[PDB]
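Visitor: This is the content of protein.txt (compact mmCIF, N, CA, C and O atoms):
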# COMPACT_ATOMS: atom_id res chain seq x y z
N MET A 1 -9.40 72.24 112.22
CA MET A 1 -9.98 71.21 111.34
C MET A 1 -10.90 71.86 110.33
O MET A 1 -10.92 73.09 110.21
N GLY A 2 -11.65 71.05 109.61
CA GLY A 2 -12.56 71.57 108.63
C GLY A 2 -12.22 71.10 107.25
O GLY A 2 -11.12 70.62 107.01
N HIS A 3 -13.15 71.25 106.34
CA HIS A 3 -12.94 70.81 104.97
C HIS A 3 -12.65 71.98 104.05
O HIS A 3 -12.56 71.81 102.82
N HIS A 4 -12.50 73.16 104.62
CA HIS A 4 -12.17 74.36 103.83
C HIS A 4 -10.70 74.30 103.45
O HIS A 4 -10.33 74.57 102.32
N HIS A 5 -9.89 73.91 104.42
CA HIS A 5 -8.47 73.71 104.22
C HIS A 5 -8.11 72.30 104.64
O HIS A 5 -7.62 72.08 105.73
N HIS A 6 -8.41 71.36 103.77
CA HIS A 6 -8.17 69.95 104.04
C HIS A 6 -6.67 69.68 104.13
O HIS A 6 -6.22 68.91 104.98
N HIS A 7 -5.90 70.30 103.24
CA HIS A 7 -4.44 70.14 103.24
C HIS A 7 -3.83 70.86 104.44
O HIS A 7 -3.10 70.26 105.23
N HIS A 8 -4.12 72.16 104.55
CA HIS A 8 -3.68 73.01 105.68
C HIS A 8 -2.13 73.08 105.80
O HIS A 8 -1.60 73.65 106.77
N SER A 9 -1.42 72.54 104.83
CA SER A 9 0.03 72.53 104.89
C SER A 9 0.59 73.93 104.66
O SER A 9 0.18 74.64 103.75
N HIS A 10 1.52 74.32 105.52
CA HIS A 10 2.17 75.62 105.42
C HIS A 10 3.46 75.52 104.62
O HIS A 10 4.18 76.51 104.45
N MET A 11 3.75 74.32 104.15
CA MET A 11 4.95 74.09 103.37
C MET A 11 4.67 74.38 101.91
O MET A 11 3.78 73.78 101.31
N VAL A 12 5.44 75.28 101.34
CA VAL A 12 5.28 75.66 99.95
C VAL A 12 6.61 76.11 99.36
O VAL A 12 7.13 77.18 99.68
N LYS A 13 7.17 75.26 98.51
CA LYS A 13 8.44 75.54 97.87
C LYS A 13 8.39 75.04 96.43
O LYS A 13 8.40 73.84 96.18
N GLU A 14 8.30 75.99 95.50
CA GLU A 14 8.16 75.70 94.08
C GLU A 14 6.87 74.95 93.80
O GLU A 14 6.84 73.72 93.70
N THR A 15 5.80 75.68 93.72
CA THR A 15 4.52 75.12 93.43
C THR A 15 4.32 75.06 91.93
O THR A 15 4.61 76.02 91.22
N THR A 16 3.84 73.94 91.44
CA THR A 16 3.62 73.83 90.03
C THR A 16 2.28 74.36 89.66
O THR A 16 1.41 74.50 90.50
N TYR A 17 2.12 74.66 88.41
CA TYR A 17 0.85 75.17 87.90
C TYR A 17 -0.22 74.12 88.07
O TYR A 17 -1.38 74.43 88.27
N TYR A 18 0.20 72.87 88.02
CA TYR A 18 -0.68 71.78 88.21
C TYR A 18 -1.02 71.68 89.71
O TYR A 18 -2.15 71.41 90.09
N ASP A 19 0.01 71.92 90.55
CA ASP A 19 -0.13 71.90 92.02
C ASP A 19 -1.04 73.03 92.51
O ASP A 19 -1.87 72.82 93.39
N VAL A 20 -0.88 74.21 91.91
CA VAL A 20 -1.68 75.39 92.24
C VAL A 20 -3.16 75.12 92.00
O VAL A 20 -4.03 75.48 92.80
N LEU A 21 -3.44 74.47 90.88
CA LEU A 21 -4.81 74.14 90.52
C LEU A 21 -5.25 72.85 91.20
O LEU A 21 -6.41 72.47 91.13
N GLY A 22 -4.32 72.20 91.87
CA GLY A 22 -4.62 70.96 92.55
C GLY A 22 -5.05 69.89 91.57
O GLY A 22 -5.89 69.04 91.88
N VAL A 23 -4.46 69.92 90.39
CA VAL A 23 -4.84 69.01 89.34
C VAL A 23 -3.68 68.07 88.99
O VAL A 23 -2.54 68.29 89.42
N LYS A 24 -3.97 67.03 88.23
CA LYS A 24 -2.97 66.05 87.85
C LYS A 24 -2.22 66.51 86.60
O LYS A 24 -2.71 67.33 85.83
N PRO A 25 -1.02 65.97 86.37
CA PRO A 25 -0.22 66.29 85.17
C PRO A 25 -0.89 65.80 83.88
O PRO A 25 -0.60 66.29 82.79
N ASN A 26 -1.83 64.87 84.03
CA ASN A 26 -2.52 64.27 82.90
C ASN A 26 -3.97 64.68 82.90
O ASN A 26 -4.81 64.05 82.25
N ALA A 27 -4.26 65.74 83.63
CA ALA A 27 -5.60 66.25 83.75
C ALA A 27 -6.09 66.77 82.43
O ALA A 27 -5.32 67.32 81.63
N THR A 28 -7.35 66.60 82.20
CA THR A 28 -7.97 67.00 80.97
C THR A 28 -8.31 68.45 80.99
O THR A 28 -8.31 69.08 82.04
N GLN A 29 -8.59 68.97 79.83
CA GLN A 29 -9.05 70.33 79.70
C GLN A 29 -10.28 70.53 80.59
O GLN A 29 -10.46 71.58 81.21
N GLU A 30 -11.10 69.49 80.67
CA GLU A 30 -12.29 69.49 81.50
C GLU A 30 -11.89 69.51 82.97
O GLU A 30 -12.45 70.25 83.78
N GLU A 31 -10.89 68.69 83.30
CA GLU A 31 -10.41 68.58 84.64
C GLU A 31 -9.77 69.87 85.10
O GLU A 31 -9.88 70.26 86.26
N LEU A 32 -9.12 70.55 84.17
CA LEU A 32 -8.53 71.84 84.44
C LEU A 32 -9.60 72.86 84.85
O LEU A 32 -9.42 73.62 85.80
N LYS A 33 -10.74 72.84 84.14
CA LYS A 33 -11.87 73.72 84.46
C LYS A 33 -12.44 73.40 85.83
O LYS A 33 -12.73 74.29 86.63
N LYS A 34 -12.60 72.11 86.07
CA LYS A 34 -13.15 71.62 87.31
C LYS A 34 -12.26 71.95 88.50
O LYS A 34 -12.76 72.25 89.59
N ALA A 35 -10.95 71.91 88.29
CA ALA A 35 -9.99 72.26 89.34
C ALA A 35 -10.23 73.69 89.78
O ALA A 35 -10.38 73.96 90.97
N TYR A 36 -10.29 74.61 88.81
CA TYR A 36 -10.54 76.03 89.09
C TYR A 36 -11.86 76.21 89.81
O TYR A 36 -11.95 76.97 90.77
N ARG A 37 -12.89 75.51 89.35
CA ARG A 37 -14.21 75.59 89.96
C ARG A 37 -14.17 75.17 91.43
O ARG A 37 -14.76 75.82 92.29
N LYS A 38 -13.47 74.07 91.70
CA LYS A 38 -13.34 73.55 93.05
C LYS A 38 -12.63 74.55 93.95
O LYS A 38 -13.06 74.83 95.07
N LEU A 39 -11.53 75.10 93.45
CA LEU A 39 -10.73 76.08 94.19
C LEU A 39 -11.53 77.33 94.43
O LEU A 39 -11.45 77.92 95.50
N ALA A 40 -12.28 77.73 93.43
CA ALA A 40 -13.11 78.93 93.51
C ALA A 40 -14.11 78.83 94.65
O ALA A 40 -14.35 79.79 95.34
N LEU A 41 -14.68 77.66 94.82
CA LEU A 41 -15.62 77.42 95.88
C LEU A 41 -14.93 77.51 97.25
O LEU A 41 -15.50 78.03 98.21
N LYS A 42 -13.70 77.01 97.32
CA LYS A 42 -12.95 76.98 98.56
C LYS A 42 -12.35 78.36 98.92
O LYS A 42 -12.59 78.89 100.01
N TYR A 43 -11.59 78.93 97.98
CA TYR A 43 -10.83 80.15 98.24
C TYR A 43 -11.39 81.35 97.48
O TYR A 43 -10.62 82.22 97.07
N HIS A 44 -12.71 81.39 97.31
CA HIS A 44 -13.38 82.50 96.60
C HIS A 44 -12.88 83.86 97.10
O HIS A 44 -13.16 84.24 98.24
N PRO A 45 -12.16 84.63 96.25
CA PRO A 45 -11.57 85.92 96.64
C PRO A 45 -12.59 86.95 97.12
O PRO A 45 -12.30 87.77 97.99
N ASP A 46 -13.80 86.88 96.56
CA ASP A 46 -14.87 87.80 96.96
C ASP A 46 -15.42 87.42 98.33
O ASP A 46 -16.15 88.18 98.95
N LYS A 47 -15.07 86.22 98.80
CA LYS A 47 -15.54 85.75 100.10
C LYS A 47 -14.40 85.76 101.11
O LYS A 47 -14.60 86.05 102.30
N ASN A 48 -13.21 85.46 100.64
CA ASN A 48 -12.01 85.48 101.46
C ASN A 48 -10.89 86.19 100.74
O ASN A 48 -10.12 85.58 99.99
N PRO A 49 -10.80 87.50 100.92
CA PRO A 49 -9.77 88.31 100.34
C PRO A 49 -8.38 87.92 100.84
O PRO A 49 -7.38 88.17 100.17
N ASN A 50 -8.33 87.29 102.01
CA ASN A 50 -7.07 86.83 102.58
C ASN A 50 -6.45 85.73 101.70
O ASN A 50 -5.24 85.68 101.54
N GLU A 51 -7.30 84.88 101.11
CA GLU A 51 -6.80 83.78 100.28
C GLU A 51 -6.70 84.19 98.81
O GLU A 51 -6.24 83.41 97.96
N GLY A 52 -7.09 85.44 98.50
CA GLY A 52 -7.01 85.94 97.15
C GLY A 52 -5.59 86.01 96.65
O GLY A 52 -5.34 85.96 95.45
N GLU A 53 -4.65 86.13 97.58
CA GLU A 53 -3.23 86.18 97.25
C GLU A 53 -2.81 84.86 96.62
O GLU A 53 -2.05 84.83 95.65
N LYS A 54 -3.32 83.78 97.17
CA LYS A 54 -3.09 82.45 96.65
C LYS A 54 -3.80 82.30 95.30
O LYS A 54 -3.29 81.70 94.35
N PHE A 55 -5.01 82.87 95.24
CA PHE A 55 -5.86 82.79 94.05
C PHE A 55 -5.21 83.48 92.85
O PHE A 55 -5.56 83.19 91.70
N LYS A 56 -4.27 84.37 93.11
CA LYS A 56 -3.54 85.05 92.04
C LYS A 56 -2.81 84.01 91.21
O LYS A 56 -2.81 84.07 89.99
N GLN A 57 -2.21 83.03 91.89
CA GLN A 57 -1.54 81.93 91.26
C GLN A 57 -2.51 81.10 90.47
O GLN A 57 -2.24 80.70 89.33
N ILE A 58 -3.66 80.84 91.08
CA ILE A 58 -4.68 80.01 90.46
C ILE A 58 -5.15 80.64 89.16
O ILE A 58 -5.25 79.96 88.14
N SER A 59 -5.39 81.93 89.19
CA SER A 59 -5.87 82.65 88.03
C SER A 59 -4.88 82.57 86.85
O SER A 59 -5.27 82.32 85.72
N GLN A 60 -3.59 82.75 87.15
CA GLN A 60 -2.55 82.73 86.14
C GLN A 60 -2.39 81.36 85.52
O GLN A 60 -2.41 81.21 84.29
N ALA A 61 -2.22 80.36 86.36
CA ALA A 61 -2.05 79.00 85.87
C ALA A 61 -3.29 78.55 85.11
O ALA A 61 -3.18 77.93 84.07
N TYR A 62 -4.47 78.91 85.63
CA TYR A 62 -5.71 78.63 84.94
C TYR A 62 -5.75 79.32 83.58
O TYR A 62 -6.30 78.79 82.63
N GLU A 63 -5.17 80.51 83.50
CA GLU A 63 -5.16 81.29 82.27
C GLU A 63 -4.53 80.49 81.13
O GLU A 63 -5.04 80.48 80.01
N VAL A 64 -3.43 79.85 81.40
CA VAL A 64 -2.79 78.98 80.44
C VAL A 64 -3.44 77.56 80.40
O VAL A 64 -3.61 76.98 79.35
N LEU A 65 -3.83 77.05 81.57
CA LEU A 65 -4.46 75.71 81.68
C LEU A 65 -5.83 75.64 81.00
O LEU A 65 -6.22 74.59 80.51
N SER A 66 -6.54 76.76 80.96
CA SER A 66 -7.86 76.82 80.32
C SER A 66 -7.75 76.67 78.81
O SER A 66 -8.75 76.44 78.11
N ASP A 67 -6.54 76.81 78.30
CA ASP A 67 -6.30 76.69 76.88
C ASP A 67 -5.14 75.75 76.62
O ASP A 67 -4.00 76.06 76.93
N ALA A 68 -5.45 74.61 76.02
CA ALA A 68 -4.44 73.57 75.75
C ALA A 68 -3.25 74.12 74.98
O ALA A 68 -2.12 73.66 75.17
N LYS A 69 -3.49 75.12 74.13
CA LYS A 69 -2.42 75.69 73.33
C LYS A 69 -1.40 76.38 74.22
O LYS A 69 -0.21 76.08 74.13
N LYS A 70 -1.86 77.25 75.11
CA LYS A 70 -0.98 77.98 75.99
C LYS A 70 -0.26 77.03 76.91
O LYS A 70 0.93 77.17 77.18
N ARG A 71 -1.00 76.04 77.39
CA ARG A 71 -0.46 75.03 78.28
C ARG A 71 0.71 74.29 77.62
O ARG A 71 1.74 74.07 78.24
N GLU A 72 0.54 73.97 76.35
CA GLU A 72 1.52 73.24 75.61
C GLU A 72 2.73 74.11 75.31
O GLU A 72 3.87 73.70 75.52
N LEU A 73 2.47 75.33 74.87
CA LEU A 73 3.52 76.24 74.51
C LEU A 73 4.34 76.62 75.73
O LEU A 73 5.57 76.72 75.66
N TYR A 74 3.65 76.85 76.83
CA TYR A 74 4.29 77.24 78.06
C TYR A 74 5.25 76.15 78.52
O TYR A 74 6.40 76.43 78.88
N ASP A 75 4.76 74.91 78.52
CA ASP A 75 5.58 73.76 78.89
C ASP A 75 6.71 73.54 77.89
O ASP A 75 7.75 72.98 78.23
N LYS A 76 6.48 73.93 76.63
CA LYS A 76 7.51 73.81 75.59
C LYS A 76 8.68 74.75 75.88
O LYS A 76 9.85 74.37 75.74
N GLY A 77 8.35 75.96 76.27
CA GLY A 77 9.36 76.95 76.57
C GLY A 77 9.15 78.23 75.79
O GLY A 77 9.72 78.35 74.69
What do you get writing this file as structure tokens?
Guide:
Amino acid sequence: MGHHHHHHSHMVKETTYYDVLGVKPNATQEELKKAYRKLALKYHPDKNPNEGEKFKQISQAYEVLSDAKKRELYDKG
């Protein structure tokens, strides 16, 4: 139990960039920042190197999500 891993699901097949950040498809640029902040608190790589592997995904998706332009272009193709 615990609130560190509320989901705790071991099922993972094709995770979306929105899913990785735990954010909505209509999430705002602000919400995108907040998603990363929330995840950072939970899976902080400097605190849990074991979850840093997951955080690799977070960092990448955040990289494009932190900028509406990249987010748009990426989704465009």
Visitor: Return as a PyMOL selection string the full set of residues in chain A whose backbone-based DSSP assignment is alpha helix (DSSP H).
Guide: chain A and resi 17-20+29-43+52-65+68-76
Visitor: Just to confirm, what's the straight-line distance from atom CA of residue 17 of chain A to atom CA of residue 56 of chain A in Å (one decimal)?
Guide: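 Computed distance, atom CA of residue 17 of chain A to atom CA of residue 56 of chain A, equals 11.6 Å.
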Visitor: As AutoDock Vina command-line options, please report the centre and edge lengths, rounded to one decimal in Å, of the axis-aligned box that holds all listed atoms of segment 37-56 of chain A with 6 Å of padding on each of the six sides.
Guide:
--center_x -9.1 --center_y 80.9 --center_z 96.0 --size_x 26.1 --size_y 26.8 --size_z 25.2
Visitor: Please list as a count of residues only every residue within 6 Å of segment 28-44 of chain A, counting only N, CA, C and O atoms and excluding residues in the same chain fewer than 6 positions away.
Guide: 8
Visitor: Looking at A:45, A:20, A:3, A:75, which one is nearest to residue 62 of chain A, with distances taken over only N, CA, C and O atoms?
Guide: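 Of A:45, A:20, A:3, A:75, the one nearest residue 62 of chain A, counting only N, CA, C and O atoms, is A:20.
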Visitor: To one decimal place in Å, what is the distance between atom O of residue 25 of chain A and atom CA of residue 72 of chain A?
Guide: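 It comes out at 10.2 Å.
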Visitor: By how many Å are atom O of residue 6 of chain A and atom N of residue 64 of chain A apart?
Guide: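 Those two atoms sit 26.1 Å apart.
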